[PDB]
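Input: a single structure, listed below in C-alpha cells.
Residue numbers run from 1 in the order of the sequence given. Scope of the values below: all heavy atoms of this structure, side chains included, with no hydrogens, waters or symmetry mates.
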Amino acid sequence: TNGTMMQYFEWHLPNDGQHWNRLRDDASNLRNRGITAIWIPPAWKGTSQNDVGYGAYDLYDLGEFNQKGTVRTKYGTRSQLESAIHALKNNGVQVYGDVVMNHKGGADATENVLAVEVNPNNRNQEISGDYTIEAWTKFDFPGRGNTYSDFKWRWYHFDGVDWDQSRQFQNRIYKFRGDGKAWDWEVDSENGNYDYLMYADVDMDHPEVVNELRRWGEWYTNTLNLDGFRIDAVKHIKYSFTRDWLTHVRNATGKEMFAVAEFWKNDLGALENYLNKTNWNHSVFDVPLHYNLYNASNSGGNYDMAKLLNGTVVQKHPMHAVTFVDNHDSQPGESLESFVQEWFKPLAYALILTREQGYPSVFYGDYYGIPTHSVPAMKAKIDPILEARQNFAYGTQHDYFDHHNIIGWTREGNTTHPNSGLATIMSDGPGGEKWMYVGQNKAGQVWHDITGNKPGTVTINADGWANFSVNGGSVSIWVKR
Ligand SMILES: [Ca+2]
Ligand SMILES: [Ca+2]
Ligand SMILES: [Ca+2]
Ligand code: NA
C-alpha cells in the first residue's frame with residue numbers, strides 16, 4: 001500500500017486518561033482505512049496531568065510513576081499505552097513516538113544560577129551583567145527514583161530559562177554563565193538565535209546531556225517498541241545534535257527509525273538548510289505547503305491553484321517531506337494558528353493523499369474534529385480520499401497544475417492494485433472540467449466521483465482520456481465504478 005501517517009491527537013483532547021484506549025480501539029479501523037503509521041502524542045509525564053506532554057517533565061515516566069500529581073499522563077497509563085501500541089502492531093501499523101528534547105519544564109526544585117539576561121528579540125545580545133537568579137533546573141524525579149535512569153538534571157545541563165523565582169520578572173530570558181555556556185548552534189536564526197523556546201532549555205553542548213538523551217532515545221525506542229519518531233521543535237535544537245542523536249539511536253537499536261522533524265518555518269530555504277545540516281537523514285513536515293494551503297483556503301477562490309505546490313518541501317524534496325494539512329500548532333487558538341478553512345480542507349487532503357509525492361499525515365483534529373472550537377469531524381469527507389489513496393492512487397501520475405482555479409492530476413493505476421487509477425480534480429473557485437489522461441488501457445471504463453461531490457459518471461474515451469468535472473470550491477476524485 002501507500003503509506004499514510006496519522007497525528008493521533010490534538011491540543012484540546014479531554015484530560016480523561018482514555019486516549020490510549022481510544023487509540024487501541026481505533027487501531028483496526030484505522031489500518032483498514034489505510035493508515036499505516038501512528039504518531040502518538042507525547043507519552044511521558046508533563047508538568048501536570050493536563051499537560052499535552054510538551055511541558056516535558058520526565059521522559060522516563062510514560063504514565064508509570066506518581067509524579068506531578070498523577071500516575072497516568074493526559075492520555076492514560078503506561079500499561080494502557082502498551083495495549084494500544086500492541087493493538088497497532090497486531091494490525092501492522094507503525095508507531096512513531098513524539099520526541100521532546102528541546103527543553104524540560106516542571107522542575108522539582110530551583111537552583112541559584114549565575115545568569116545573564118538576553119534580548120528576547122535577539123538572544124545574541126547580552127543585556128545585563130552577571131547576577132544570580134533562582135532557576136527551575138533541578139529534576140530529581142522523586143516519584144520515579146532511579147528506575148530506568150538515575151540521571152538527575154541540574155542547571156548545568158541547561159543553557160537558560162525564562163524565569164527568576166527570586167524576582168519573578170516577565171518577558172525575560174536568562175542565559176546561564178559558566179565555562180562553555182552559550183546558546184547552542186546551529187539553530188534557527190529568528191530572534192538572532194532561537195535556541196531558547198520555553199521552560200528550561202537543554203544544553204546540547206553538554207556531554208552528559210548528549211550521552212543521556214541518546215540513551216533515553218534507545219530506552220524509549222526499546223521500551224515502547226517504536227518504529228520511528230516525530231521530533232519536536234528542531235529549529236530550537238542544535239542541528240548536528242538532532243542529526244547524530246537520530247543516527248545514534250538507529251545505530252544502537254538496529255532499527256530504521258523513520259523520523260519526521262517539526263521545523264516550523266514558512267521558509268523552504270530554512271528547511272533546506274536544516275536538511276543539509278542534518279545530512280538528509282530524516283524528513284521534515286512540509287510547513288510551507290501548510291501555509292500555501294491555509295493561504296489558498298483564505299483567498300475566496302483568488303489563489304492561483306497552479307502555484308499550490310510552489311515553494312514547498314514536497315515539490316522540491318518529496319522523499320524528505322511529510323505533508324499535512326493542519327496540526328496542533330496551527331489549530332484554532334494555538335501558538336501558530338493558521339487553520340486551513342473547512343471548505344478547502346478536502347482539497348488539501350486530496351492534494352496530500354492522492355499524489356505520489358510526499359508522505360501524507362492525517363490530523364486527528366481534522367478527522368475527529370476539535371469540539372472545543374466547533375471544528376466538525378471531517379472523517380466523512382476524508383474517508384473517501386483515504387480510500388482513493390489506499391486503493392486507487394497508484395501508478396504513473398500526470399499533473400495538470402495549469403489553471404488558476406481548476407487543477408488536477410491522474411494516476412494510471414498499477415497491476416498490483418486491481419482497478420487502481422484515479423483522476424483528482426479540484427477548484428478553489430467556480431467549478432468546471434479538465435481533460436485528463438488516465439491511461440489508454442482504461443478505455444471505455446465507466447468512472448464515478450468516489451467523494452460523491454459530483455453525481456453521475458465519466459467514461460474513459462478510446463485514447464485513455466476523459467473530461468472530468470468538479471463543482472465549485474470542491475474536489476472530485478474520479479475512479480472506476
Ligand atoms: Ca549550549
Ligand atoms: Ca533549545
Ligand atoms: Ca483560484
Ligand atoms: Na540549548
Side-chain angles (χ1 to χ4, degrees), residues 286 288-312 314-315 323-327 330-332 337-355 358 360-363 365-370 373-389 392-393 398-411 422-436 447-458 466-479:
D286 199 345
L289 179 62
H290 160 69
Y291 280 104
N292 286 3
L293 288 178
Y294 168 65
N295 285 337
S297 81
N298 295 329
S299 291
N302 287 332
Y303 194 87
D304 190 343
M305 293 287 285
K307 295 176 169 191
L308 195 59
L309 298 178
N310 281 8
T312 71
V314 62
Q315 187 204 46
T323 44
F324 72 109
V325 187
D326 276 298
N327 79 351
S330 72
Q331 81 180 77
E337 202 194 310
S338 49
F339 210 57
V340 174
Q341 302 193 186
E342 188 184 342
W343 74 273
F344 193 86
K345 197 142 269 175
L347 292 76
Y349 276 106
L351 181 79
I352 71 173
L353 297 170
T354 66
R355 290 176 60 74
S361 188
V362 173
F363 184 34
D366 286 346
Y367 196 68
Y368 290 116
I370 307 162
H373 289 74
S374 304
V375 177
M378 298 177 222
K379 165 172 175 62
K381 298 191 143 37
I382 294 167
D383 275 353
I385 308 168
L386 286 165
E387 182 172 350
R389 169 158 191 87
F392 295 97
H398 305 279
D399 294 324
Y400 302 77
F401 292 59
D402 56 10
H403 189 250
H404 42 106
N405 286 349
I406 306 194
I407 67 173
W409 48 92
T410 60
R411 302 296 297 279
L422 53 64
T424 295
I425 178 178
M426 59 186 57
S427 187
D428 68 332
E433 304 177 302
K434 196 193 297 296
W435 283 102
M436 293 183 299
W447 283 32
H448 73 147
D449 184 357
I450 199 171
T451 71
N453 282 342
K454 261 296 191 196
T457 61
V458 172
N467 198 186
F468 299 96
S469 61
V470 60
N471 290 324
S474 160
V475 61
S476 281
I477 302 164
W478 301 88
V479 302

- What is the minimum heavy-atom distance between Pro288 and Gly311, and which atoms define it? CB-O, 3.3 Å
- Message: Would you say that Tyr303 contacts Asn405 through its side chain, given a criterion of any heavy-atom pair below 4.5 Å between the two side chains?
- Response: no
- Would you call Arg355 and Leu309 a side-chain contact if the rule is heavy atoms closer than 4.5 Å? yes
- Query: For the residue pair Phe324 and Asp286, what are the closest heavy atoms and their distance?
  - Reply: CE2-O, 3.4 Å
- Query: At their closest point, which heavy atom of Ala348 faces which heavy atom of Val325, and how far apart are they?
  - Reply: CB-CG1, 3.5 Å
- Separation between CD (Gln315) and CG (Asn310), nearest 0.5 Å, reads 5.0 Å
- Minimum heavy-atom separation for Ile477 to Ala350, with atom names? CD1-CB, 4.0 Å
- Item | Distance under 6.0 Å and angle within 45° of ring axis: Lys345 vs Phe339 | yes
- Measure the spacing between CG of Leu289 and CD1 of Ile352 and express it to the nearest 0.5 Å. 7.5 Å
- Message: Are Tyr349 and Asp366 packed together at the side-chain level, in the sense that at least one heavy-atom pair is separated by less than 4.5 angstrom?
- Response: yes
- Task: Describe, in one word, how the ring planes of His290 and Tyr294 are oriented to each other, choosing from parallel (under 30°), tilted (30 to 60°) and perpendicular (over 60°).
- Result: parallel
- Task: For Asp326 and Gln331, indicate whether the former's side chain and the latter's backbone hold a donor-acceptor pair under 3.5 Å.
- Result: no
- Using atom types as modelled and distance alone, determine if a side-chain donor or acceptor of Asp304 lies under 3.5 Å from a backbone N or O of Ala306. yes
- Take atom NZ in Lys434; do more than 12 heavy atoms of anything else shown fall under 6.0 Å from it? yes
- Just wondering, do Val362 and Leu386 contact through their side chains at under 4.5 Å, heavy atoms? yes
- Residue pair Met305 / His403, side-chain heavy-atom distance below 4.5 Å: no
- Message: Under a 3.5 Å distance rule, please check whether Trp343 uses its side chain to pair with a backbone N or O of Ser297 as donor and acceptor.
- Response: yes
- Using atom types as modelled and distance alone, determine if a side-chain donor or acceptor of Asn292 lies under 3.5 Å from a backbone N or O of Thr312. no
- Query: Hey, is NZ on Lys307 packed in by over 12 heavy atoms from elsewhere, all under 6.0 Å?
  - Reply: no
- Message: For a quick test of reading the model, state the closest non-hydrogen atom pair linking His448 to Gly456 and the distance between them.
- Response: CB-O, 3.7 Å
- Do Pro332 and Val375 have side-chain heavy atoms sitting under 4.5 Å apart? yes
- Task: Without swapping roles, check the side chain of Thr451 against the backbone of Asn453 for a donor-acceptor pair under 3.5 Å.
- Result: yes
- Counting distance only, does the side-chain N/O of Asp449 pair as donor-acceptor with the main-chain N or O of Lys454 below 3.5 Å? yes
- Message: Could you go through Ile406 and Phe401, starting from their C-alpha distance and side-chain angles, then the distance that decides it, and tell me whether this counts as side-chain contact (heavy atoms from CB on, under 4.5 Å)?
- Response: CA-CA 8 Å; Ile406 306 194; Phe401 292 59; over 6 Å; no
- Item | From CA spacing to verdict: side-chain contact (heavy atoms from CB on, under 4.5 Å), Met378, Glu342 | CA-CA 9 Å; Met378 298 177 222; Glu342 188 184 342; 3.9 Å; yes
- pair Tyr291-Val340: side-chain heavy atoms closer than 4.5 Å: no
- So CG of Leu422 and CZ of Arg389: to nearest 0.5 Å the spacing works out to 10.5 Å
- Message: What's the separation between atom CD1 in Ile407 and atom OG in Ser427, rounded to the nearest 0.5 Å?
- Response: 9.0 Å
- Which heavy atom in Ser299 sits nearest to a heavy atom in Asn295, and how many Å separate them? OG-O, 2.8 Å
- For side-chain contact (heavy atoms from CB on, under 4.5 Å), just list the numbers for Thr410 and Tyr400, CA-CA rounded to whole Å, side-chain angles, deciding distance to a tenth of an Å, and then say yes or no. CA-CA 8 Å; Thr410 60; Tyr400 302 77; 4.2 Å; yes
- Atom CD of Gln341 and atom CG of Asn298: how far apart are they, to the nearest 0.5 Å? 4.5 Å
- Task: Measure the spacing between CD of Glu387 and CD1 of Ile385 and express it to the nearest 0.5 Å.
- Result: 11.5 Å
- Message: Donor-acceptor check, side chain of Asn467 to backbone of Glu433, threshold 3.5 angstrom: yes or no?
- Response: no
- Item | Pair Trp409, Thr354: side-chain N/O donor-acceptor within cut-off below 3.5 Å | yes
- Query: So do the side chains of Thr424 and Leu351 get within less than 4.5 Å of each other, counting heavy atoms only?
  - Reply: no
- Task: May I ask you to decide if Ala423's main-chain N or O and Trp447's side chain share a donor-acceptor pair within less than 3.5 Å?
- Result: no
